>>> print(open('input-v2.cif').read())   # mmCIF, N, CA and C atoms and all ligand atoms
data_my_file
#
loop_
_atom_site.label_atom_id
_atom_site.label_comp_id
_atom_site.auth_asym_id
_atom_site.auth_seq_id
_atom_site.Cartn_x
_atom_site.Cartn_y
_atom_site.Cartn_z
N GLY I 40 83.30 81.32 101.12
CA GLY I 40 83.75 80.32 100.13
C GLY I 40 83.48 78.91 100.65
N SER I 41 84.29 77.98 100.18
CA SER I 41 84.03 76.56 100.40
C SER I 41 84.11 76.21 101.88
N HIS I 42 83.19 75.37 102.34
CA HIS I 42 83.25 74.76 103.65
C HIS I 42 84.50 73.90 103.87
N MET I 43 85.19 73.51 102.79
CA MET I 43 86.40 72.72 102.98
C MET I 43 87.64 73.55 103.23
N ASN I 44 87.53 74.88 103.10
CA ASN I 44 88.64 75.72 103.54
C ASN I 44 88.30 76.24 104.93
N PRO I 45 89.27 76.51 105.82
CA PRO I 45 88.98 76.98 107.15
C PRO I 45 88.57 78.44 107.09
N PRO I 46 87.89 78.94 108.15
CA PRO I 46 87.67 80.37 108.23
C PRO I 46 89.01 81.10 108.32
N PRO I 47 89.12 82.27 107.69
CA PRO I 47 90.40 82.98 107.65
C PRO I 47 90.71 83.54 109.03
N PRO I 48 91.96 83.94 109.29
CA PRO I 48 92.30 84.52 110.59
C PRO I 48 91.51 85.80 110.85
N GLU I 49 91.21 86.01 112.12
CA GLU I 49 90.53 87.18 112.65
C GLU I 49 91.24 88.47 112.25
N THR I 50 90.48 89.48 111.82
CA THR I 50 91.06 90.80 111.56
C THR I 50 90.43 91.89 112.41
N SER I 51 89.39 91.55 113.17
CA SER I 51 88.64 92.49 114.00
C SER I 51 88.20 91.72 115.24
N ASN I 52 88.32 92.38 116.40
CA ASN I 52 87.80 91.79 117.63
C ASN I 52 87.75 92.89 118.67
N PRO I 53 86.56 93.35 119.09
CA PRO I 53 86.49 94.45 120.04
C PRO I 53 87.08 94.11 121.41
N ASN I 54 87.30 92.85 121.69
CA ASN I 54 87.80 92.46 123.00
C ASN I 54 89.32 92.60 123.09
N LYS I 55 89.98 92.73 121.94
CA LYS I 55 91.44 92.72 121.93
C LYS I 55 91.95 94.16 122.05
N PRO I 56 92.85 94.48 123.01
CA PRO I 56 93.38 95.84 123.06
C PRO I 56 94.30 96.15 121.87
N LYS I 57 94.22 97.38 121.40
CA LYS I 57 94.82 97.77 120.12
C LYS I 57 95.55 99.08 120.34
N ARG I 58 96.61 99.29 119.56
CA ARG I 58 97.32 100.55 119.65
C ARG I 58 97.87 100.86 118.26
N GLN I 59 98.09 102.14 118.01
CA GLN I 59 98.90 102.57 116.89
C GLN I 59 100.25 102.91 117.50
N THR I 60 101.31 102.40 116.89
CA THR I 60 102.64 102.86 117.27
C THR I 60 103.36 103.29 115.99
N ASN I 61 104.46 104.02 116.16
CA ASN I 61 105.23 104.39 114.98
C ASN I 61 105.77 103.17 114.24
N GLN I 62 106.09 102.09 115.00
CA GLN I 62 106.58 100.89 114.33
C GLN I 62 105.49 100.25 113.48
N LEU I 63 104.27 100.21 114.02
CA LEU I 63 103.16 99.65 113.25
C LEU I 63 102.83 100.50 112.03
N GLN I 64 102.98 101.84 112.15
CA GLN I 64 102.77 102.70 111.00
C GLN I 64 103.83 102.40 109.94
N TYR I 65 105.08 102.19 110.36
CA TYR I 65 106.14 101.81 109.45
C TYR I 65 105.81 100.48 108.76
N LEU I 66 105.33 99.51 109.55
CA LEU I 66 105.00 98.22 108.96
C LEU I 66 103.92 98.34 107.88
N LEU I 67 102.96 99.23 108.06
CA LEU I 67 101.94 99.41 107.01
C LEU I 67 102.46 100.23 105.83
N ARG I 68 103.09 101.36 106.13
CA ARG I 68 103.34 102.36 105.10
C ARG I 68 104.61 102.03 104.34
N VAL I 69 105.56 101.31 104.97
CA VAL I 69 106.77 100.95 104.28
C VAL I 69 106.82 99.46 103.98
N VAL I 70 106.75 98.61 105.02
CA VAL I 70 107.02 97.21 104.83
C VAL I 70 105.93 96.53 104.00
N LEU I 71 104.68 96.59 104.48
CA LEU I 71 103.61 95.94 103.73
C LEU I 71 103.51 96.56 102.33
N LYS I 72 103.58 97.90 102.22
CA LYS I 72 103.50 98.57 100.92
C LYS I 72 104.53 97.99 99.95
N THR I 73 105.78 97.83 100.40
CA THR I 73 106.86 97.36 99.56
C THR I 73 106.62 95.91 99.14
N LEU I 74 106.23 95.06 100.09
CA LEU I 74 106.03 93.67 99.74
C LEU I 74 104.78 93.47 98.88
N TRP I 75 103.70 94.21 99.17
CA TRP I 75 102.44 94.05 98.46
C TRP I 75 102.61 94.26 96.96
N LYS I 76 103.48 95.19 96.58
CA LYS I 76 103.59 95.57 95.18
C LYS I 76 104.69 94.78 94.47
N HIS I 77 105.41 93.90 95.18
CA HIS I 77 106.49 93.13 94.58
C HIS I 77 105.95 92.16 93.52
N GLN I 78 106.78 91.90 92.49
CA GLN I 78 106.47 91.02 91.38
C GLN I 78 105.94 89.66 91.86
N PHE I 79 106.46 89.18 93.01
CA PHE I 79 106.18 87.84 93.50
C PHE I 79 105.16 87.83 94.64
N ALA I 80 104.48 88.93 94.90
CA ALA I 80 103.52 89.04 95.99
C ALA I 80 102.29 88.17 95.76
N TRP I 81 101.88 87.98 94.48
CA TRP I 81 100.48 87.60 94.25
C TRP I 81 100.06 86.30 94.96
N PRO I 82 100.91 85.27 95.09
CA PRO I 82 100.45 84.03 95.74
C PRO I 82 100.24 84.20 97.24
N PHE I 83 100.69 85.33 97.79
CA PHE I 83 100.62 85.57 99.23
C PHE I 83 99.57 86.61 99.59
N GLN I 84 98.83 87.17 98.61
CA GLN I 84 97.95 88.29 98.87
C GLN I 84 96.57 87.88 99.39
N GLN I 85 96.33 86.56 99.56
CA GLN I 85 95.05 86.06 100.02
C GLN I 85 95.31 84.70 100.64
N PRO I 86 94.36 84.18 101.43
CA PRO I 86 94.51 82.82 101.97
C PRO I 86 94.64 81.78 100.87
N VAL I 87 95.32 80.69 101.19
CA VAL I 87 95.42 79.58 100.28
C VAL I 87 94.04 78.95 100.13
N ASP I 88 93.55 78.93 98.89
CA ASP I 88 92.32 78.22 98.57
C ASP I 88 92.70 76.81 98.16
N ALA I 89 92.72 75.91 99.16
CA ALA I 89 93.13 74.53 98.97
C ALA I 89 92.21 73.76 98.03
N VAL I 90 90.94 74.17 97.92
CA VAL I 90 90.01 73.52 97.01
C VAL I 90 90.36 73.88 95.57
N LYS I 91 90.51 75.17 95.28
CA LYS I 91 90.87 75.57 93.93
C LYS I 91 92.22 75.01 93.48
N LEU I 92 93.18 74.88 94.40
CA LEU I 92 94.51 74.39 94.03
C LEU I 92 94.56 72.86 94.06
N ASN I 93 93.47 72.23 94.47
CA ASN I 93 93.41 70.78 94.59
C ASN I 93 94.54 70.25 95.48
N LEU I 94 94.65 70.84 96.67
CA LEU I 94 95.62 70.47 97.69
C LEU I 94 94.84 70.08 98.93
N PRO I 95 94.18 68.92 98.96
CA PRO I 95 93.32 68.61 100.10
C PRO I 95 94.10 68.39 101.39
N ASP I 96 95.41 68.19 101.33
CA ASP I 96 96.19 68.05 102.55
C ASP I 96 96.72 69.39 103.08
N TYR I 97 96.50 70.51 102.38
CA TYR I 97 97.16 71.74 102.81
C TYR I 97 96.86 72.12 104.26
N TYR I 98 95.57 72.08 104.66
CA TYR I 98 95.20 72.47 106.02
C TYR I 98 95.29 71.29 106.97
N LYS I 99 95.69 70.13 106.48
CA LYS I 99 96.13 69.08 107.38
C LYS I 99 97.56 69.35 107.86
N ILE I 100 98.39 69.90 106.97
CA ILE I 100 99.80 70.19 107.24
C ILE I 100 99.90 71.53 107.98
N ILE I 101 99.28 72.55 107.38
CA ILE I 101 99.43 73.93 107.84
C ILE I 101 98.28 74.28 108.78
N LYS I 102 98.63 74.32 110.07
CA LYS I 102 97.61 74.59 111.08
C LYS I 102 97.68 76.01 111.59
N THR I 103 98.62 76.83 111.09
CA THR I 103 98.68 78.23 111.49
C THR I 103 98.74 79.04 110.21
N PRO I 104 97.70 79.05 109.36
CA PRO I 104 97.75 79.79 108.11
C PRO I 104 97.88 81.28 108.34
N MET I 105 98.56 81.96 107.43
CA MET I 105 98.63 83.41 107.45
C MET I 105 98.96 83.85 106.05
N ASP I 106 98.49 85.02 105.66
CA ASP I 106 98.68 85.56 104.33
C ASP I 106 98.82 87.05 104.44
N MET I 107 99.35 87.72 103.41
CA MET I 107 99.54 89.16 103.46
C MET I 107 98.25 89.95 103.30
N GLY I 108 97.19 89.35 102.76
CA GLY I 108 95.90 90.00 102.79
C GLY I 108 95.37 90.18 104.21
N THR I 109 95.55 89.11 105.02
CA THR I 109 95.17 89.16 106.42
C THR I 109 95.99 90.23 107.14
N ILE I 110 97.31 90.22 106.89
CA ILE I 110 98.18 91.16 107.57
C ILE I 110 97.83 92.60 107.18
N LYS I 111 97.50 92.85 105.91
CA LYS I 111 97.13 94.18 105.46
C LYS I 111 95.84 94.62 106.17
N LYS I 112 94.84 93.73 106.27
CA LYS I 112 93.60 94.09 106.95
C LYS I 112 93.87 94.33 108.43
N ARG I 113 94.73 93.50 109.05
CA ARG I 113 95.04 93.71 110.45
C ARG I 113 95.67 95.08 110.65
N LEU I 114 96.63 95.46 109.79
CA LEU I 114 97.26 96.78 109.95
C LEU I 114 96.25 97.90 109.70
N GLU I 115 95.42 97.77 108.67
CA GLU I 115 94.47 98.83 108.34
C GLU I 115 93.43 98.97 109.43
N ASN I 116 93.12 97.86 110.11
CA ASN I 116 92.09 97.86 111.15
C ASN I 116 92.67 98.13 112.52
N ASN I 117 93.97 98.40 112.59
CA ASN I 117 94.64 98.64 113.86
C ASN I 117 94.46 97.50 114.85
N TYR I 118 94.58 96.27 114.36
CA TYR I 118 94.31 95.08 115.14
C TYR I 118 95.38 94.82 116.19
N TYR I 119 96.63 95.20 115.88
CA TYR I 119 97.76 94.81 116.70
C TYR I 119 97.98 95.76 117.90
N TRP I 120 98.65 95.20 118.91
CA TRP I 120 99.13 96.04 120.03
C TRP I 120 100.58 96.42 119.76
N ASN I 121 101.37 95.56 119.11
CA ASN I 121 102.73 95.96 118.88
C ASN I 121 103.25 95.33 117.60
N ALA I 122 104.45 95.78 117.24
CA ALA I 122 105.07 95.41 115.99
C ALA I 122 105.42 93.94 115.98
N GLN I 123 105.81 93.38 117.11
CA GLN I 123 106.17 91.98 117.16
C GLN I 123 105.03 91.07 116.72
N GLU I 124 103.78 91.40 117.05
CA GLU I 124 102.65 90.58 116.61
C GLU I 124 102.59 90.54 115.10
N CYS I 125 102.84 91.68 114.46
CA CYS I 125 102.74 91.72 113.01
C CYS I 125 103.96 91.06 112.35
N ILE I 126 105.18 91.24 112.87
CA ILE I 126 106.37 90.58 112.37
C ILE I 126 106.15 89.07 112.49
N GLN I 127 105.57 88.55 113.59
CA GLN I 127 105.35 87.14 113.78
C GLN I 127 104.37 86.66 112.71
N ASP I 128 103.40 87.47 112.29
CA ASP I 128 102.48 87.02 111.26
C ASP I 128 103.23 86.87 109.93
N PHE I 129 104.10 87.83 109.59
CA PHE I 129 104.92 87.62 108.39
C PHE I 129 105.81 86.40 108.47
N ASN I 130 106.46 86.17 109.60
CA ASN I 130 107.30 85.00 109.78
C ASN I 130 106.51 83.69 109.66
N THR I 131 105.27 83.68 110.13
CA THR I 131 104.43 82.50 110.05
C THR I 131 104.07 82.26 108.56
N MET I 132 103.78 83.32 107.81
CA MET I 132 103.45 83.14 106.39
C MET I 132 104.62 82.54 105.64
N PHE I 133 105.85 83.06 105.85
CA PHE I 133 106.99 82.49 105.13
C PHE I 133 107.20 81.05 105.58
N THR I 134 107.18 80.79 106.89
CA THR I 134 107.47 79.44 107.33
C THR I 134 106.44 78.45 106.80
N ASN I 135 105.17 78.84 106.68
CA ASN I 135 104.20 77.89 106.16
C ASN I 135 104.59 77.47 104.75
N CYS I 136 105.05 78.46 103.96
CA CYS I 136 105.40 78.15 102.58
C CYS I 136 106.58 77.19 102.54
N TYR I 137 107.57 77.39 103.42
CA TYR I 137 108.73 76.53 103.39
C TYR I 137 108.41 75.14 103.94
N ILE I 138 107.45 75.01 104.86
CA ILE I 138 107.07 73.71 105.39
C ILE I 138 106.28 72.95 104.33
N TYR I 139 105.35 73.60 103.63
CA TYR I 139 104.49 72.82 102.76
C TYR I 139 105.23 72.39 101.49
N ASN I 140 106.08 73.28 100.97
CA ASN I 140 106.74 73.09 99.68
C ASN I 140 108.16 72.55 99.84
N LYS I 141 108.87 72.39 98.71
CA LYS I 141 110.21 71.80 98.74
C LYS I 141 111.22 72.87 98.39
N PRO I 142 112.50 72.74 98.84
CA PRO I 142 113.56 73.65 98.42
C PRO I 142 113.66 73.94 96.92
N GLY I 143 113.48 73.00 96.01
CA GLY I 143 113.50 73.59 94.64
C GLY I 143 112.54 74.75 94.24
N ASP I 144 111.40 74.88 94.94
CA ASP I 144 110.14 75.08 94.24
C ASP I 144 109.94 76.54 93.88
N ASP I 145 109.18 76.81 92.81
CA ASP I 145 108.96 78.17 92.39
C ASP I 145 108.43 79.00 93.57
N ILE I 146 107.42 78.49 94.26
CA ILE I 146 106.82 79.33 95.29
C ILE I 146 107.83 79.59 96.41
N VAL I 147 108.72 78.65 96.68
CA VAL I 147 109.76 78.85 97.69
C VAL I 147 110.75 79.92 97.23
N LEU I 148 111.16 79.92 95.96
CA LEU I 148 112.06 80.94 95.48
C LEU I 148 111.40 82.30 95.60
N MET I 149 110.09 82.37 95.36
CA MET I 149 109.37 83.61 95.47
C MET I 149 109.29 84.08 96.92
N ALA I 150 109.00 83.13 97.83
CA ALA I 150 108.92 83.50 99.25
C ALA I 150 110.29 83.94 99.73
N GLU I 151 111.37 83.31 99.27
CA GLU I 151 112.72 83.68 99.72
C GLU I 151 113.07 85.09 99.28
N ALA I 152 112.64 85.50 98.07
CA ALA I 152 112.90 86.86 97.61
C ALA I 152 112.15 87.84 98.50
N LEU I 153 110.86 87.59 98.77
CA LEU I 153 110.07 88.45 99.61
C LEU I 153 110.64 88.49 101.02
N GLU I 154 111.04 87.34 101.55
CA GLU I 154 111.61 87.32 102.90
C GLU I 154 112.89 88.16 102.99
N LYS I 155 113.77 88.06 101.99
CA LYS I 155 114.97 88.88 102.04
C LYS I 155 114.61 90.37 102.10
N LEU I 156 113.61 90.81 101.32
CA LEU I 156 113.19 92.20 101.32
C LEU I 156 112.58 92.56 102.67
N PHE I 157 111.74 91.65 103.21
CA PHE I 157 111.13 91.88 104.52
C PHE I 157 112.21 92.06 105.58
N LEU I 158 113.25 91.24 105.58
CA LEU I 158 114.29 91.35 106.60
C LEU I 158 115.05 92.65 106.42
N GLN I 159 115.33 93.07 105.18
CA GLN I 159 115.99 94.36 105.01
C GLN I 159 115.14 95.49 105.61
N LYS I 160 113.83 95.43 105.43
CA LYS I 160 112.94 96.44 105.98
C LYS I 160 112.86 96.38 107.50
N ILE I 161 112.88 95.18 108.07
CA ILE I 161 112.88 95.06 109.53
C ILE I 161 114.19 95.57 110.14
N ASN I 162 115.29 95.45 109.40
CA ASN I 162 116.57 95.97 109.89
C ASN I 162 116.45 97.49 110.04
N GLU I 163 115.55 98.13 109.30
CA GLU I 163 115.40 99.58 109.34
C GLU I 163 114.19 99.98 110.17
N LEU I 164 113.58 99.02 110.86
CA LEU I 164 112.43 99.36 111.69
C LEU I 164 112.82 100.40 112.76
N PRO I 165 112.11 101.54 112.91
CA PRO I 165 112.51 102.51 113.92
C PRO I 165 112.29 102.00 115.33
N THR I 166 113.07 102.59 116.29
CA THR I 166 112.78 102.40 117.70
C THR I 166 111.38 102.94 117.97
N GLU I 167 110.68 102.24 118.87
CA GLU I 167 109.34 102.62 119.28
C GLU I 167 109.44 103.98 119.97
N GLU I 168 108.57 104.92 119.58
CA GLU I 168 108.64 106.24 120.18
C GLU I 168 107.24 106.66 120.64
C1 LIG I 201 102.05 78.22 102.14
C2 LIG I 201 102.11 78.04 100.63
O1 LIG I 201 102.28 76.96 100.07
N1 LIG I 201 101.85 79.09 99.82
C3 LIG I 201 101.79 80.52 100.14
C4 LIG I 201 101.27 81.15 98.85
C5 LIG I 201 100.62 80.03 98.09
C6 LIG I 201 101.55 78.86 98.40
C7 LIG I 201 100.94 77.50 98.00
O2 LIG I 201 100.66 76.63 98.82
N2 LIG I 201 100.77 77.33 96.67
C8 LIG I 201 101.77 77.93 95.71
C9 LIG I 201 102.52 76.84 94.93
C10 LIG I 201 102.64 75.31 94.93
BR1 LIG I 201 102.50 73.33 95.14
#
>>> encode(input="input-v2.cif", output="structure tokens")
Amino acid sequence: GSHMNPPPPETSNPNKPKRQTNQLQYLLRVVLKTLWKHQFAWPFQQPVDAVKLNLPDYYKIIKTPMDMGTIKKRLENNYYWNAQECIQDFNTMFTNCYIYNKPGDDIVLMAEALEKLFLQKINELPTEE
């Protein structure tokens, strides 16, 4: 896409050690599945296209972009070594939305609904086995 949007986060790298764990399987099969299909998922399912949204300051503000499309590819590609890496990616996606936008805002209300569901699912994350 546009040269004015940054390259998206890495989803493949042969140099990075990778593992499947039961927690990571849970994050794909339960957590990501549940959030992906939620009514309010759609603004988070791909990187922010700052050109299409006419937000030329977006990547001036947000220097650690993350989206659930990236997270889904990372899980499907077995990119992570542990669950914490993937939980941190979800936390970074929510925080970016709250930093860029204002407490009133539609997208913030949507992210807050998704975050509440994500935290309920993390409360049920199994012990690593
Ligand atoms: C980080 C963030 O803002 N996000 C995540 C999803 C897209 C959203 C955004 O920028 N546009 C939505 C509205 C308004 Br103005």
>>> closest_atom_pairs(input="input-v2.cif", of="chain I", to="ligand LIG 201 (chain I)", cutoff="6 Å", atoms="only N, CA and C atoms and all ligand atoms", output="JSON lines")
{"residue": "I:82", "atom": "C", "partner": "I:LIG201", "partner_atom": "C4", "distance": 3.6}
{"residue": "I:83", "atom": "N", "partner": "I:LIG201", "partner_atom": "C4", "distance": 4.4}
{"residue": "I:87", "atom": "CA", "partner": "I:LIG201", "partner_atom": "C5", "distance": 5.7}
{"residue": "I:135", "atom": "C", "partner": "I:LIG201", "partner_atom": "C1", "distance": 3.7}
{"residue": "I:136", "atom": "CA", "partner": "I:LIG201", "partner_atom": "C1", "distance": 3.4}
{"residue": "I:137", "atom": "N", "partner": "I:LIG201", "partner_atom": "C1", "distance": 5.7}
{"residue": "I:139", "atom": "CA", "partner": "I:LIG201", "partner_atom": "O1", "distance": 5.4}
{"residue": "I:140", "atom": "N", "partner": "I:LIG201", "partner_atom": "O1", "distance": 5.4}
{"residue": "I:146", "atom": "CA", "partner": "I:LIG201", "partner_atom": "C9", "distance": 5.0}
>>> axis_aligned_box(input="input-v2.cif", around="range 157-160 of chain I", padding_each_side="6 Å", output="lines of an AutoDock Vina configuration file")
center_x = 113.6
center_y = 93.8
center_z = 105.4
size_x = 16.9
size_y = 17.2
size_z = 16.3
>>> residues_around(input="input-v2.cif", residues="residue 117 in chain I", least_positions_apart="6", cutoff="10 Å", atoms="only C-alpha atoms", output="PyMOL selection string")
chain I and resi 50-51+56-60+63-64+111
>>> atom_distance(input="input-v2.cif", atom1="CA of residue 126 in chain I", atom2="CA of residue 143 in chain I")
25.6 Å
>>> residues_around(input="input-v2.cif", residues="residue 90 in chain I", least_positions_apart="5", cutoff="7 Å", atoms="only N, CA and C atoms", output="JSON, numbers by chain")
{"I": [43, 44, 95]}
>>> closest_residue(input="input-v2.cif", among="I:120, I:133, I:162, I:76", to="residue 150 in chain I", atoms="only N, CA and C atoms")
I:133
>>> closest_residue(input="input-v2.cif", among="I:116, I:103, I:109, I:73", to="residue 159 in chain I", atoms="only C-alpha atoms")
I:73
>>> atom_distance(input="input-v2.cif", atom1="CA of residue 46 in chain I", atom2="CA of residue 101 in chain I")
13.4 Å
